[PDB]
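Here is the structure we will look at, set down as C-alpha cells.
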Amino acid sequence: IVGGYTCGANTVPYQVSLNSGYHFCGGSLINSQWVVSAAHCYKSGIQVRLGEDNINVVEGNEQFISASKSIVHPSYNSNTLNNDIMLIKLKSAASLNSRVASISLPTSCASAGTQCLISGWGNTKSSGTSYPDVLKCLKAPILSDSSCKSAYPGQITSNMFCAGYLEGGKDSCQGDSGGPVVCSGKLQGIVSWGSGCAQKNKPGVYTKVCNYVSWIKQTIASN
Ligand SMILES: NC(=[NH2+])c1ccc2nc(C(O)(O)c3nc4ccc(C(N)=[NH2+])cc4[nH]3)[nH]c2c1
Ligand SMILES: [Ca+2]
Ligand SMILES: [Mg+2]
Ligand SMILES: [Zn+2]
Ligand SMILES: [Zn+2]
Ligand SMILES: [Zn+2]
C-alpha cells in the first residue's frame with residue numbers, strides 16, 4: 001500500500017495473509033471456514049494466517065490454518081484478469097473473536113464517490129521496494145467507470161472498478177493482491193491489478209465482488 005498508514009494491530013479483523021513459506025497475498029475471511037482472495041494469487045500449498053498484524057512476529061492473536069481446497073473462478077482469464085476471484089476453504093474452522101472476524105458480502109454494488117478501506121502487507125514504494133511487517137491501510141474512493149476506462153482503454157470489463165487517486169501517490173500494490181476493499185461495511189472489491197503503483201492517472205483496479213455473490217454462496221454451500 002503506498003501513501004497509507006499503519007492500521008493498528010487487529011483493526012481489520014477480517015484480513016488474512018496467504019503464506020506459502022512467506023506472505024505472498026492477502027485475503028478476506030467471509031465466515032469461519034472460507035476466505036475469498038484473487039485468482040492471480042493461486043498456488044498450491046497455501047496456509048492462511050488470521051489475527052496477524054506484524055507477519056514476522058508471533059504476537060499472540062494468530063491462527064495459522066491450512067487450506068483444504070481452492071476454487072478459482074470458472075471464467076478467470078489470466079491474460080486480462082477478468083473474474084479475478086478465488087475461494088479458499090480452511091481445513092478447520094477458525095475461532096472468531098475480536099481480532100478474527102468475517103466481513104459481510106454486499107446486497108448491492110457501491111456508487112462512485114463511496115470511500116473504502118483497502119489494506120495489506122504489500123509494497124509501499126512506487127519507485128522502489130519496501131515491504132512492511134505490519135498492516136497498512138488506505139482510504140480511497142471508487143472512481144467513475146469513465147475515468148477508469150480512460151486510464152485503461154479496452155482493458156476494463158463490468159467485473160472491475162477503479163478506486164484511488166488520479167493524482168497518484170496512494171494505491172494498493174503487489175502483495176496487497178487478493179486483499180479487501182471495504183466500503184460501508186461490505187466487501188466490495190478484491191485487490192487485482194494496476195499499472196505500476198501509485199502512478200498518476202493509473203489508479204488501482206479491483207474485482208467487482210457484488211457481481212459474484214450468487215457464485216460465492218452457491219459454491220461454499222456445495223463444498
Ligand atoms: N512474488 C509474489 N509473491 C507476488 C505476489 C503477488 C503478486 N502480484 C503481482 C501483480 O503483478 O499481479 C500486481 N498486483 C497488483 C495489485 C495492485 C496493483 C496496483 N494497484 N497498482 C498492482 C499490482 N500488480 N505480483 C506479485 C508477486
Ligand atoms: Ca504476527
Ligand atoms: Mg491485502
Ligand atoms: Zn508482479
Ligand atoms: Zn504488478
Ligand atoms: Zn497482485
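Here's how to read the names in the C-alpha cells: chain A, B, ... by the order shown, residue numbers from 1 in each chain, ligand numbers from 1 in the order shown.
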So that I can check the surroundings of residue 80 (chain A), please list as a list in words every protein, DNA and RNA residue that reaches within 9 Å of it, counting only C-alpha atoms and ignoring chain neighbours fewer than 3 positions away. residues 76, 77, 83, 155 and 156 of chain A
Create the file for the chosen residues now, containing N, CA, C and O atoms and written as a compact mmCIF listing (two decimals), in the first residue's frame.
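Contents of out-v7.txt, as written:
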```txt
# COMPACT_ATOMS: atom_id res chain seq x y z
N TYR A 76 -12.11 -17.26 -15.07
CA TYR A 76 -10.92 -16.39 -14.84
C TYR A 76 -10.02 -16.45 -16.08
O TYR A 76 -9.66 -17.52 -16.56
N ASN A 77 -9.67 -15.26 -16.53
CA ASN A 77 -8.80 -15.04 -17.72
C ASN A 77 -7.50 -14.46 -17.15
O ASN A 77 -7.46 -13.33 -16.70
N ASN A 83 -12.51 -11.60 -13.98
CA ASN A 83 -13.01 -12.61 -12.98
C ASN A 83 -11.86 -13.05 -12.09
O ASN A 83 -11.57 -14.21 -11.87
N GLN A 155 -9.41 -2.27 -21.59
CA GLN A 155 -8.91 -3.24 -20.59
C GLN A 155 -9.85 -3.43 -19.42
O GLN A 155 -9.64 -4.36 -18.68
N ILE A 156 -10.84 -2.59 -19.28
CA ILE A 156 -11.79 -2.72 -18.14
C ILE A 156 -13.09 -3.46 -18.50
O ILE A 156 -13.62 -3.16 -19.54
```
Could you pull the residues within 10 Å of region 53-66 of chain A, counting only C-alpha atoms, minus those fewer than 5 positions along the same chain, as a ChimeraX atom specification? /A:6-13,15-20,22-23,33,45-48,88-100,120-121,132-136
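Here the question is which of A:69, A:125, A:202, A:170 gets nearest to residue 141 (chain A) using only C-alpha atoms, and that residue is A:170.
Coordinates place atom 15 (C, counted along the ligand's line) of ligand 1 at a distance of 7.9 Å from CA of residue 196 (chain A).
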Output as JSON lines one row per residue of chain A within 8 Å of ligand 5: the closest atom pair and its distance in Å to one decimal place, counting only C-alpha atoms and all ligand atoms, sorted by chain and residue number ascending.
```
{"residue": "A:173", "atom": "CA", "partner": "ligand 5", "partner_atom_place_in_ligand_line": "1 (Zn)", "distance": 7.1}
{"residue": "A:174", "atom": "CA", "partner": "ligand 5", "partner_atom_place_in_ligand_line": "1 (Zn)", "distance": 5.6}
{"residue": "A:193", "atom": "CA", "partner": "ligand 5", "partner_atom_place_in_ligand_line": "1 (Zn)", "distance": 6.4}
{"residue": "A:194", "atom": "CA", "partner": "ligand 5", "partner_atom_place_in_ligand_line": "1 (Zn)", "distance": 6.6}
{"residue": "A:195", "atom": "CA", "partner": "ligand 5", "partner_atom_place_in_ligand_line": "1 (Zn)", "distance": 6.8}
{"residue": "A:196", "atom": "CA", "partner": "ligand 5", "partner_atom_place_in_ligand_line": "1 (Zn)", "distance": 6.0}
{"residue": "A:197", "atom": "CA", "partner": "ligand 5", "partner_atom_place_in_ligand_line": "1 (Zn)", "distance": 7.8}
```
File dump, residues just selected, C-alpha atoms, as an mmCIF file, in the first residue's frame:
```cif
data_model
loop_
_atom_site.group_PDB
_atom_site.id
_atom_site.type_symbol
_atom_site.label_atom_id
_atom_site.label_comp_id
_atom_site.auth_asym_id
_atom_site.auth_seq_id
_atom_site.Cartn_x
_atom_site.Cartn_y
_atom_site.Cartn_z
ATOM 1 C CA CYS A 173 0.335 -2.583 -4.899
ATOM 2 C CA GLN A 174 1.733 -6.154 -5.395
ATOM 3 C CA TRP A 193 -4.185 -5.019 -10.757
ATOM 4 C CA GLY A 194 -2.820 -1.636 -11.722
ATOM 5 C CA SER A 195 -0.064 -0.077 -13.870
ATOM 6 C CA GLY A 196 2.949 0.149 -11.516
ATOM 7 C CA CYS A 197 1.793 1.534 -8.170
#
```
List every residue of chain A that has an atom at most 9 Å from any atom of ligand 6, and for each one report the closest atom pair and its distance in Å to one decimal, counting only C-alpha atoms and all ligand atoms, with rows sorted by chain and then by increasing residue number, as CSV.
```
residue,atom,partner,partner_atom_place_in_ligand_line,distance
A:24,CA,ligand 6,1 (Zn),8.6
A:25,CA,ligand 6,1 (Zn),7.1
A:38,CA,ligand 6,1 (Zn),8.0
A:40,CA,ligand 6,1 (Zn),6.7
A:41,CA,ligand 6,1 (Zn),6.7
A:122,CA,ligand 6,1 (Zn),8.8
A:173,CA,ligand 6,1 (Zn),6.9
A:174,CA,ligand 6,1 (Zn),4.3
A:175,CA,ligand 6,1 (Zn),5.8
A:176,CA,ligand 6,1 (Zn),6.5
A:177,CA,ligand 6,1 (Zn),3.8
A:178,CA,ligand 6,1 (Zn),6.9
A:191,CA,ligand 6,1 (Zn),7.0
A:192,CA,ligand 6,1 (Zn),5.8
A:193,CA,ligand 6,1 (Zn),6.2
A:194,CA,ligand 6,1 (Zn),8.8
```
Could you write out the selected residues, including C-alpha atoms, as a PDB file, in the first residue's frame?
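So again10.pdb came out as:
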```
ATOM      1  CA  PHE A  24       2.539 -13.594  -0.888  1.00  0.00           C
ATOM      2  CA  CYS A  25      -1.043 -12.339  -0.931  1.00  0.00           C
ATOM      3  CA  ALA A  38      -7.811 -13.114  -6.065  1.00  0.00           C
ATOM      4  CA  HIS A  40      -3.903 -14.466  -9.692  1.00  0.00           C
ATOM      5  CA  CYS A  41      -2.779 -15.327  -6.119  1.00  0.00           C
ATOM      6  CA  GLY A 122       2.209  -5.187   0.028  1.00  0.00           C
ATOM      7  CA  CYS A 173       0.335  -2.583  -4.899  1.00  0.00           C
ATOM      8  CA  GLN A 174       1.733  -6.154  -5.395  1.00  0.00           C
ATOM      9  CA  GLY A 175       1.480  -8.025  -2.090  1.00  0.00           C
ATOM     10  CA  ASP A 176      -1.867  -6.334  -1.270  1.00  0.00           C
ATOM     11  CA  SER A 177      -3.171  -8.672  -4.002  1.00  0.00           C
ATOM     12  CA  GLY A 178      -6.375 -10.620  -3.091  1.00  0.00           C
ATOM     13  CA  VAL A 191      -7.012  -6.030  -4.860  1.00  0.00           C
ATOM     14  CA  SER A 192      -6.437  -7.165  -8.515  1.00  0.00           C
ATOM     15  CA  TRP A 193      -4.185  -5.019 -10.757  1.00  0.00           C
ATOM     16  CA  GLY A 194      -2.820  -1.636 -11.722  1.00  0.00           C
TER      17      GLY A 194
END
```
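Minimum distance to ligand 2 across A:205, A:34, A:51, A:213 (counting only C-alpha atoms and all ligand atoms) occurs at A:51.
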What parts of region 149-198 of chain A does DSSP call strand (DSSP E)? I'd like the answer as a PyMOL selection string. chain A and resi 160-163+180-183+186-193
Would you save the residues of that selection, restricted to N, CA and C atoms, as a compact mmCIF listing (two decimals), in the first residue's frame?
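Here's the written file selection_5.txt:
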```
# COMPACT_ATOMS: atom_id res chain seq x y z
N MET A 160 -14.95 -5.27 -12.97
CA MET A 160 -13.85 -4.49 -12.39
C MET A 160 -14.26 -3.02 -12.18
N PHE A 161 -13.60 -2.37 -11.27
CA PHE A 161 -13.86 -0.93 -10.98
C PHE A 161 -12.50 -0.41 -10.50
N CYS A 162 -12.35 0.87 -10.63
CA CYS A 162 -11.10 1.50 -10.19
C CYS A 162 -11.38 2.27 -8.92
N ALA A 163 -10.37 2.41 -8.11
CA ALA A 163 -10.53 3.18 -6.84
C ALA A 163 -9.18 3.82 -6.64
N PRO A 180 -8.75 -7.10 0.70
CA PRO A 180 -10.07 -6.43 0.76
C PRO A 180 -10.11 -4.96 0.47
N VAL A 181 -11.28 -4.58 0.03
CA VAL A 181 -11.66 -3.18 -0.32
C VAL A 181 -13.07 -3.12 0.34
N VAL A 182 -13.15 -2.53 1.50
CA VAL A 182 -14.45 -2.45 2.21
C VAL A 182 -15.02 -1.04 2.17
N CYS A 183 -16.27 -0.93 1.78
CA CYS A 183 -16.97 0.37 1.70
C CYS A 183 -18.29 0.13 2.42
N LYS A 186 -19.33 -3.56 3.80
CA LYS A 186 -19.36 -4.75 2.91
C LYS A 186 -18.08 -4.80 2.12
N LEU A 187 -17.78 -6.02 1.78
CA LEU A 187 -16.57 -6.31 0.99
C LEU A 187 -17.10 -5.98 -0.40
N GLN A 188 -16.49 -5.03 -1.06
CA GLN A 188 -16.89 -4.60 -2.41
C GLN A 188 -15.81 -4.91 -3.44
N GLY A 189 -14.53 -4.98 -3.10
CA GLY A 189 -13.50 -5.29 -4.13
C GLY A 189 -12.42 -6.17 -3.59
N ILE A 190 -11.64 -6.69 -4.50
CA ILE A 190 -10.50 -7.57 -4.15
C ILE A 190 -9.32 -6.85 -4.82
N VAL A 191 -8.17 -6.73 -4.21
CA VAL A 191 -7.01 -6.03 -4.86
C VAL A 191 -6.62 -6.93 -6.08
N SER A 192 -6.76 -6.40 -7.26
CA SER A 192 -6.44 -7.16 -8.52
C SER A 192 -5.25 -6.60 -9.31
N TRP A 193 -5.38 -5.50 -10.00
CA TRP A 193 -4.18 -5.02 -10.76
C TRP A 193 -4.07 -3.52 -10.90
```
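The shortest atom-to-atom distance to residue 131 (chain A), with only C-alpha atoms taken into account, belongs to A:1 out of A:85, A:1, A:104, A:185.
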Need to verify the contact set: residue 199 (chain A), 10 Å, only C-alpha atoms, exclusion of same-chain residues closer than 4 positions in sequence. Can you return it as a PyMOL selection string? chain A and resi 126-127+165-171+194-195+203-204
Can you tell me, as a PyMOL selection string, which residues in region 81-212 of chain A count as helix (DSSP H, G or I) by DSSP? chain A and resi 145-151+209-211
Counting only C-alpha atoms, what is within 8 Å of residue 142 (chain A), bar same-chain residues fewer than 3 positions away, as JSON, numbers by chain? {"A": [111, 112, 113, 114, 115, 116, 161, 162, 163, 164]}
May I have the residues from that selection written out with N, CA, C and O atoms, as an mmCIF file, in the first residue's frame?
```
data_model
loop_
_atom_site.group_PDB
_atom_site.id
_atom_site.type_symbol
_atom_site.label_atom_id
_atom_site.label_comp_id
_atom_site.auth_asym_id
_atom_site.auth_seq_id
_atom_site.Cartn_x
_atom_site.Cartn_y
_atom_site.Cartn_z
ATOM 1 N N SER A 111 -21.643 2.868 -5.133
ATOM 2 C CA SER A 111 -21.554 4.017 -6.071
ATOM 3 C C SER A 111 -20.181 4.667 -6.062
ATOM 4 O O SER A 111 -19.432 4.582 -5.109
ATOM 5 N N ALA A 112 -19.913 5.339 -7.143
ATOM 6 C CA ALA A 112 -18.624 6.043 -7.303
ATOM 7 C C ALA A 112 -18.720 7.118 -6.217
ATOM 8 O O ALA A 112 -19.806 7.588 -5.903
ATOM 9 N N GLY A 113 -17.618 7.493 -5.654
ATOM 10 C CA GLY A 113 -17.704 8.546 -4.596
ATOM 11 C C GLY A 113 -17.582 7.880 -3.267
ATOM 12 O O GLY A 113 -17.026 8.448 -2.346
ATOM 13 N N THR A 114 -18.101 6.697 -3.170
ATOM 14 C CA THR A 114 -18.007 5.982 -1.877
ATOM 15 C C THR A 114 -16.522 5.731 -1.475
ATOM 16 O O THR A 114 -15.722 5.276 -2.270
ATOM 17 N N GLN A 115 -16.224 6.043 -0.245
ATOM 18 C CA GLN A 115 -14.849 5.868 0.317
ATOM 19 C C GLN A 115 -14.788 4.428 0.829
ATOM 20 O O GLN A 115 -15.755 3.945 1.397
ATOM 21 N N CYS A 116 -13.664 3.811 0.628
ATOM 22 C CA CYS A 116 -13.449 2.402 1.064
ATOM 23 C C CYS A 116 -12.126 2.303 1.828
ATOM 24 O O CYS A 116 -11.361 3.251 1.858
ATOM 25 N N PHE A 161 -13.600 -2.371 -11.266
ATOM 26 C CA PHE A 161 -13.861 -0.932 -10.981
ATOM 27 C C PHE A 161 -12.504 -0.406 -10.495
ATOM 28 O O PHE A 161 -11.642 -1.126 -10.011
ATOM 29 N N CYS A 162 -12.350 0.868 -10.627
ATOM 30 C CA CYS A 162 -11.098 1.500 -10.187
ATOM 31 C C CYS A 162 -11.376 2.275 -8.925
ATOM 32 O O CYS A 162 -12.485 2.731 -8.700
ATOM 33 N N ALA A 163 -10.368 2.406 -8.107
ATOM 34 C CA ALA A 163 -10.534 3.178 -6.837
ATOM 35 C C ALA A 163 -9.183 3.819 -6.643
ATOM 36 O O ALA A 163 -8.158 3.224 -6.965
ATOM 37 N N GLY A 164 -9.163 4.992 -6.109
ATOM 38 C CA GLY A 164 -7.835 5.600 -5.934
ATOM 39 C C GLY A 164 -7.830 7.076 -6.093
ATOM 40 O O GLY A 164 -8.817 7.738 -5.834
#
```
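CA of residue 217 (chain A) is positioned 22.5 Å from CA of residue 157 (chain A).
Proximity to residue 210 (chain A) was assessed for A:35, A:117, A:103, A:109 counting only C-alpha atoms; the smallest distance is recorded for A:109.
Comparing the minimum interatomic distances between ligand 4 and each of A:37, A:44, A:68, A:123, counting only C-alpha atoms and all ligand atoms, we find that A:123 sits nearest.
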